[PDB]
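Encoded as structure tokens, here's the structure I'll be asking about.
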Amino acid sequence: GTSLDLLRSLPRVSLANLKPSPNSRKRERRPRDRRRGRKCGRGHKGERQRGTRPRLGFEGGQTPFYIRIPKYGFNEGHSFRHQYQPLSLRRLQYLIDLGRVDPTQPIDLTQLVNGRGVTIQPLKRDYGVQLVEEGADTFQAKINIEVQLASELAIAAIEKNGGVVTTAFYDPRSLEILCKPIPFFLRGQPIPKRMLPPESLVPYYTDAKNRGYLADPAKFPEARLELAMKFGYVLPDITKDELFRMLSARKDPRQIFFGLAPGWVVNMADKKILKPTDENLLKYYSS
Amino acid sequence: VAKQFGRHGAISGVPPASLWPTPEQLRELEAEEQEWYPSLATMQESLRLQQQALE
Amino acid sequence: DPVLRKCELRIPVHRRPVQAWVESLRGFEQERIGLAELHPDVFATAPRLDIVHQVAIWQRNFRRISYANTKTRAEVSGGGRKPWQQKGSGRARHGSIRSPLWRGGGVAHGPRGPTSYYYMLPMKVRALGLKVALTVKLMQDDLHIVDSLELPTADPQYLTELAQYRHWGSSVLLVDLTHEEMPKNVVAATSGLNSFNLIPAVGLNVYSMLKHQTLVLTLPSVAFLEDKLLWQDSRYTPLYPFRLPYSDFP
Amino acid sequence: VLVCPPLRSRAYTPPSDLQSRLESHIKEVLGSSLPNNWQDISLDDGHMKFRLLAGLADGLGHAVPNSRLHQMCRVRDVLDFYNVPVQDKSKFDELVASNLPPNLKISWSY
Amino acid sequence: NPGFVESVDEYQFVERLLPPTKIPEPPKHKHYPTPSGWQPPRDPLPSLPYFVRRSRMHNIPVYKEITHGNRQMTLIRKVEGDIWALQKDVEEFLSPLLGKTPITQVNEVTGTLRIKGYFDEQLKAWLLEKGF
Amino acid sequence: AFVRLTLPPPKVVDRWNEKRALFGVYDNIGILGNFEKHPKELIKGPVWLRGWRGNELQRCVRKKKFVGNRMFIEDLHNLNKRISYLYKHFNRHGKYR
Ligand SMILES: [Mg+2]
Ligand SMILES: [Mg+2]
Ligand SMILES: [Mg+2]
Ligand SMILES: [Mg+2]
Ligand SMILES: [Mg+2]
Ligand SMILES: [Mg+2]
């Protein structure tokens with residue numbers, strides 16, 4: 001460019017020629033000159049001038065504002081409430097379009113996080129992803145996806161195209177392994193089991209209408225049909241579809257990863273998977 | 001010591017069988033599991049009783 | 001047999017490549033032995049001298065630990081007792097012989113212990129400063145691409161004379177791919193020279209490219225540098241530190 | 001027994017006839033006896049660019065700087081570049097030999 | 001007898017989990033625009049004096065920005081070539097909508113053009129037609 | 001005031017000693033070395049402030065954490081008193097609330 005041609009003429013760049021970007025630094029003012037010296041910006045003698053004014057929120061001796069308001073449980077149990085990151089079909093379509101979420105294979109929270117499509121924070125009480133209806137009208141992809149929460153309209157968009165959506169619960173410990181699997185294989189521990197939902201969440205994940213992972217499989221076809229009629233689309237028979245096996249693939253309710261059983265150890269250095277043989281240890285994991 | 005096996009695999013020298021719980025360790029895990037994590041059948045049964053009382 | 005080199009990674013379609021003369025140090029007159037192509041986004045980025053200033057500051061300030069210290073009025077020997085009574089003396093009121101006003105007293109606002117100036121610039125910013133610095137040397141005719149650092153003799157006189165014959169600067173910075181394989185002839189000659197410094201390709205930085213007038217890069221180091229710096233431009237944010245296993249990262 | 005040759009001057013003045021000297025090199029390198037429209041021949045080919053530029057530097061003595069190689073897209077650019085003279089005289093050096101007025105005296109203390 | 005058993009037949013699923021560090025190049029689509037709305041830069045390249053590059057996520061680098069909580073601006077980044085030529089085109093393009101010449105700042109060092117007000121949507125469609 | 005009556009001895013700085021010549025090398029050990037080492041690992045200094053920065057109150061507490069139990073009786077007494085001085089200033093005294 002023309003800028004580089006200017007460098008050719010100009011003298012060498014060196015440590016003696018450096019300069020910061022203009023206005024990059026403000027100048028700090030010492031209390032030395034008459035303008036900023038003398039009383040030094042503090043005012044005439046007094047409590048605020050000696051530096052001993054009362055604490056923040058003190059109002060000179062009347063009951064402060066933040067003390068005379070009734071105490072109310074807006075934030076009770078905030079640290080215990082569950083948080084589900086929202087994923088919109090617009091974001092899902094956009095990720096697929098640019099190749100960042102491969103639709104050929106099943107989509108699980110690992111793949112979504114692995115494609116920088118969602119950011120999961122188990123420390124801040126993230127327990128998964130909830131599918132968001134936004135973008136349903138323009139959603140034209142056939143995919144198999146597992147999400148901890150889903151909405152009635154969000155499910156309809158996935159299924160109408162012939163995809164599969166199932167809702168699966170991951171416990172706080174399992175989610176952290178799911179989100180960052182490799183920073184776990186490096187520890188050297190065996191893969192833990194996946195714990196069942198708490199009593200409060202059991203109804204949601206055992207219900208077909210929500211596509212629960214613990215729900216009765218025989219009851220799905222009725223649920224799929226009713227949703228199709230309500231939203232005015234024809235339910236597509238996915239058994240005929242060539243990639244039916246991939247669409248129907250589902251991990252065991254006590255399994256975190258698709259091809260890895262609980263209890264195995266992943267020797268990444270040697271590209272091996274140590275597996276136990278003991279009976280009590282195999283009964284513990286297979287339970 | 002485990003951390004050495006996961007990073008470096010076999011060359012660490014950790015005896016593989018030492019990566020899994022020991023007999024006494026296994027008993028602690030199961031006993032703790034029963035106390036704090038009920039089975040699916042019990043959870044559904046407990047839920048049903050609450051609904052009947054509510055009804 | 002001209003030594004012709006091409007960028008391994010794909011150059012943007014809209015930008016044409018930049019080139020430099022490949023050189024040899026085997027003889028005084030072997031100035032042009034090949035023609036080389038350099039990725040425009042490494043050696044032809046926009047000239048940003050504010051960023052070069054930023055990186056040069058960081059390299060000089062995050063290492064700084066100041067060991068200056070002073071004693072406060074509490075840490076000076078003695079001083080517990082009241083010198084005289086407050087009243088009935090005609091003297092100025094005092095509470096200690098070690099206050100800041102007194103000779104031998106504590107320092108009111110002095111340096112306090114060892115202090116660190118540590119901070120980290122964004123990794124992309126520091127990588128950019130290596131790209132900007134490389135453009136500056138090329139566009140200002142101070143960068144000399146060489147095929148290898150092999151030298152006919154180990155006498156330091158040869159290296160200095162070669163620099164004068166070719167109109168190099170008083171100070172030359174030489175880069176080789178890896179420390180282990182650097183030729184013995186080059187080590188012997190440069191070891192005794194203050195102005196000619198030899199570093200491995202992993203030691204290249206903005207501060208040393210501004211202290212040394214002319215930069216000498218072997219062809220393998222050019223490919224080494226282009227790969228690392230370009231990788232920064234089409235990368236995700238780190239899920240976890242880049243020393244942990246990744247799908248495609250060494 | 002490596003002995004440095006004398007240091008060369010950095011001054012270059014266009015030769016008598018660049019076209020004659022340049023075209024001769026082009027004919028040797030290209031070998032087609034100066035096809036018409038020679039000036040617009042592209043130098044994108046690496047081997048052609050090296051042979052043409054490398055030969056010119058040896059003959060005339062003036063070499064294309066690393067900064068300007070990418071600009072030599074076509075033969076016209078190479079011909080234009082060699083048309084600019086290069087002088088090693090400093091701006092001070094020019095003043096000394098500039099027929100200064102008799103009341104101006106300059107002395108070199110370096 | 002060790003209480004374990006080594007296998008090398010299931011390390012395909014572990015490889016599936018490893019994450020990438022390079023943003024993948026978008027896959028070729030049969031029909032453009034893509035259902036999201038994304039469309040790649042046109043080829044052959046535009047012949048304008050200036051070139052606007054795509055971000056690492058392969059989008060047009062137009063960003064809505066706000067300062068002071070009320071000063072609305074739109075920013076065009078990654079502009080190569082004659083940055084001043086791009087301003088002239090933007091002023092002509094946006095003047096009919098506003099009815100007056102738009103206020104702009106050209107930062108030649110960074111290579112970005114800054115416009116007062118929100119015009120990202122109109123300025124993204126505009127660039128798409130030019131093929132940037 | 002009073003001034004020197006003779007010039008002080010000339011000060012000579014050799015700019016191409018090994019420390020000055022090779023200053024700044026291996027500062028991109030991370031980006032140019034596959035991130036095996038962070039540059040902050042190359043800092044040499046007190047144990048409690050390598051790759052770290054803080055205000056005086058923060059520096060006092062961190063020194064106590066790292067070497068507090070290996071400190072001399074007189075020093076630990078002074079360090080502890082400095083913490084309490086700085087705690088009361090930064091949390092009770094100043095212009096801004
Ligand atoms: Mg101040
Ligand atoms: Mg978050
Ligand atoms: Mg005392
Ligand atoms: Mg007392
Ligand atoms: Mg007192
Ligand atoms: Mg003293």
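Can you name the residue in the stretch C:4-25 that is in contact (Cβ under 8 Å) with a residue 40 or more places away in the chain and surrounded by fewer than 17 Cβ atoms within 10 Å (Cβ to Cβ) and, of all such residues, is nearest to E:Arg54 (Cα to Cα)?
Just the residues of the stretch C:4-25 that are in contact (Cβ under 8 Å) with a residue 40 or more places away in the chain, to begin with: C:5, C:7-9, C:18, C:20-25.
Now restrict to residues that are surrounded by fewer than 17 Cβ atoms within 10 Å (Cβ to Cβ): C:8-9.
Values: C:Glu8: 21, C:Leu9: 18 Å.
Within the stretch C:4-25, the match that is nearest to E:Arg54 (Cα to Cα) is C:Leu9.
Would you mind finding the one in E:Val79, E:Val106, E:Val90 that is surrounded by 13 or more Cβ atoms within 10 Å (Cβ to Cβ), farther than 21 Å from A:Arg90 by Cβ, within 11 Å of another protein chain (Cβ to nearest Cβ) and among the hydrophobic types (A, V, I, L, M, F, W, C)?
Exactly one residue qualifies, and that residue is E:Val79.
Results for (1) in a loop (DSSP other than H, G, I, E, B); (2) more than 30 Å from C:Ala154 (Cβ to Cβ); (3) of a type in the set (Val, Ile, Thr), shown as yes or no for each residue.
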{"residue": "C:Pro12", "(1), (2), (3)": "yes, yes, no"}
{"residue": "C:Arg15", "(1), (2), (3)": "yes, yes, no"}
{"residue": "C:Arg26", "(1), (2), (3)": "yes, no, no"}
{"residue": "C:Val55", "(1), (2), (3)": "no, yes, yes"}
{"residue": "C:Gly80", "(1), (2), (3)": "yes, yes, no"}
{"residue": "C:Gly90", "(1), (2), (3)": "yes, yes, no"}
{"residue": "C:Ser96", "(1), (2), (3)": "yes, yes, no"}
{"residue": "C:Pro100", "(1), (2), (3)": "yes, yes, no"}
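Please specify each residue of the stretch A:113-131 satisfying the condition of being in a helix (DSSP H, G or I) and within 13 Å of ligand 2 (Cβ to nearest atom). So that I can check it myself, show each step before the final result.
Our first condition is that a residue be in a helix (DSSP H, G or I); within the stretch A:113-131, this holds for A:113-114, A:122-124.
A:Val113, A:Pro122, A:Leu123, A:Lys124, listed by residue number.
For chain D, please list each of the helices (runs of 4 or more DSSP H) lying entirely inside it that holds at least 1 residues being under 30 Å from C:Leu151 (Cβ atoms) and touching a strand residue (DSSP E or B) at 6+ places or on another chain (Cβ under 8 Å).
D:46-60
Criterion first (of a type in the set (A, V, I, L, M), crowded, with 16+ Cβ neighbours inside 10 Å and more than 16 Å from ligand 2 (Cβ to nearest atom)) does C:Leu101 satisfy it? Explain how you work it out, then say what you get.
Working: of a type in the set (A, V, I, L, M): yes; crowded, with 16+ Cβ neighbours inside 10 Å: no; more than 16 Å from ligand 2 (Cβ to nearest atom): yes.
Here the answer is no, as C:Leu101 does not meet what is asked.
The rows are residues; the columns are (1) touching a residue at least 12 places away in the same chain (Cβ under 8 Å); (2) of a type in the set (A, V, I, L, M); (3) facing another protein chain (nearest Cβ under 9 Å).
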position: F:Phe35; (1), (2), (3): no, no, yes
position: F:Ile43; (1), (2), (3): no, yes, yes
position: F:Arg53; (1), (2), (3): no, no, yes
position: F:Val61; (1), (2), (3): yes, yes, no
position: F:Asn69; (1), (2), (3): no, no, no
position: F:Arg92; (1), (2), (3): no, no, yes
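Considering the stretch A:271-287 alone, what residues qualify as being surrounded by fewer than 16 Cβ atoms within 10 Å (Cβ to Cβ) and part of a loop (DSSP other than H, G, I, E, B)?
Those that are surrounded by fewer than 16 Cβ atoms within 10 Å (Cβ to Cβ) and part of a loop (DSSP other than H, G, I, E, B): A:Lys271, A:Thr277, A:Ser287.
Still on this model: Name the pairs: first residue in the stretch A:27-54 and more than 15 Å from ligand 1 (Cβ to nearest atom), second residue of a type outside the set (D, E, K, R) and assigned to a loop (DSSP other than H, G, I, E, B), Cβ to Cβ under 9 Å, at least 6 apart or on different chains?
Pairs that qualify, where the first residue is more than 15 Å from ligand 1 (Cβ to nearest atom) and the partner is of a type outside the set (D, E, K, R) and assigned to a loop (DSSP other than H, G, I, E, B), are A:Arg38/A:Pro31; A:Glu47/A:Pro54; A:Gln49/A:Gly43; A:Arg50/F:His93; A:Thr52/F:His93; A:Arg53/A:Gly46; A:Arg53/F:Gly94; A:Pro54/A:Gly60.
Table: residues versus (1) more than 7 Å from every other protein chain (Cβ to nearest Cβ); (2) touching a strand residue (DSSP E or B) at 6+ places or on another chain (Cβ under 7 Å); (3) touching a residue at least 24 places away in the same chain (Cβ under 8 Å).
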{"position": "C:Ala127", "(1), (2), (3)": "no, no, yes"}
{"position": "C:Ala133", "(1), (2), (3)": "yes, no, yes"}
{"position": "C:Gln140", "(1), (2), (3)": "no, no, no"}
{"position": "C:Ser148", "(1), (2), (3)": "yes, yes, yes"}
{"position": "C:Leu162", "(1), (2), (3)": "yes, no, yes"}
{"position": "C:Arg166", "(1), (2), (3)": "yes, no, yes"}
{"position": "C:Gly169", "(1), (2), (3)": "yes, yes, yes"}
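Restricting attention to the stretch C:136-174, report how many residues are aliphatic (A, V, I, L, M), under 17 Å from C:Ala188 (Cβ atoms) and under 25 Å from the mean Cα position of the chain (by Cα).
Our first condition is that a residue be aliphatic (A, V, I, L, M); within the stretch C:136-174, this holds for C:136, C:138-139, C:143, C:145-146, C:149, C:151, C:154, C:159, C:162-163, C:172-174.
Keeping just the survivors that are under 17 Å from C:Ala188 (Cβ atoms) gives C:149, C:151, C:154, C:159, C:162-163, C:172, C:174.
Narrowing further to those that are under 25 Å from the mean Cα position of the chain (by Cα): C:149, C:159, C:163, C:172, C:174.
Looking only at that region, the number is 5.
So in the stretch C:69-114, with the set limited to residues that are over 45 Å from the mean Cα position of the chain (by Cα) and aliphatic (A, V, I, L, M), which one is nearest to ligand 1 (Cβ to nearest atom)?
Step by step, filter the stretch C:69-114, then rank; the result is C:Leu101.
Given (1) out of contact with any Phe, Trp or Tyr (no Cβ under 7 Å at 6 or more places or on another chain); (2) in contact (Cβ under 8 Å) with a residue 12 or more places away in the chain, identify the lone condition not met by C:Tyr117.
(1)
Next question. Can you tell me how many residues in the stretch D:16-53 are charged (D, E, K, R) and in contact (Cβ under 8 Å) with a residue 24 or more places away in the chain?
4
Here is a further query. Picking from F:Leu79, F:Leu57, F:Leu32, F:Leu86, which residue would you name as being outside any helix (DSSP H, G or I), surrounded by 16 or more Cβ atoms within 10 Å (Cβ to Cβ) and out of contact with any strand residue (DSSP E or B) (no Cβ under 9 Å at 6 or more places or on another chain)? Please lay out each step first, then the result.
Numbers: F:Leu79 fails: outside any helix (DSSP H, G or I); F:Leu57 fails: outside any helix (DSSP H, G or I); F:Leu86 fails: outside any helix (DSSP H, G or I).
The match here is F:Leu32.
Looking at C:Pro183, C:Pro111, C:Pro122, C:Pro156 in this structure, which one is within 16 Å of ligand 6 (Cβ to nearest atom) and free of Cβ contacts under 8 Å to residues at least 60 places away in the same chain? Step through it out loud before you land on a result.
Working: C:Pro183 fails: within 16 Å of ligand 6 (Cβ to nearest atom); C:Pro122 fails: within 16 Å of ligand 6 (Cβ to nearest atom); C:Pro156 fails: within 16 Å of ligand 6 (Cβ to nearest atom).
Answer to the check: C:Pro111.
Enumerate the strands (runs of 3 or more DSSP E) found wholly within the stretch E:49-132, keeping only those where 2 or more residues are polar (S, T, N, Q), on the phi < 0 side of the Ramachandran plot and in contact (Cβ under 8 Å) with a residue 40 or more places away in the chain. If you could, list the steps in order and put the result at the bottom.
Numbers: elements: E:50-52, E:62-67, E:71-76, E:79-81, E:104-107, E:112-116.
By residue number, E:71-76.
Inside the stretch E:14-57, can you point out the residues that are over 22 Å from A:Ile96 (Cβ atoms) and at the interface with another protein chain (Cβ under 8 Å from one of its Cβ atoms)? Working first, answer last.
First pass over the stretch E:14-57, keeping only residues over 22 Å from A:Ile96 (Cβ atoms): E:14, E:42-53.
Matches in the stretch E:14-57: E:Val14, E:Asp43, E:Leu45, E:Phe51, E:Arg53.
Going by what's in this entry, would A:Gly61 be described as on the phi > 0 side of the Ramachandran plot and within 14 Å of chain F (Cβ to nearest Cβ)?
Working: on the phi > 0 side of the Ramachandran plot: yes; within 14 Å of chain F (Cβ to nearest Cβ): no.
The answer is no for A:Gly61.
Quick check, is A:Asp252 under 23 Å from A:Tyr170 (Cβ atoms), out of contact with any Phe, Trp or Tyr (no Cβ under 9 Å at 6 or more places or on another chain), of a type outside the set (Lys, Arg) and within 14 Å of chain E (Cβ to nearest Cβ)?
Working: under 23 Å from A:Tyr170 (Cβ atoms): yes; out of contact with any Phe, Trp or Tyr (no Cβ under 9 Å at 6 or more places or on another chain): yes; of a type outside the set (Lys, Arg): yes; within 14 Å of chain E (Cβ to nearest Cβ): yes.
So A:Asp252 passes the test.
We did not get these values from a lab; they are worked out from the coordinates using the rules stated. Heads up, the Cβs are rebuilt from the backbone with ideal geometry, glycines too, and the neighbour counts pull from every protein chain shown.
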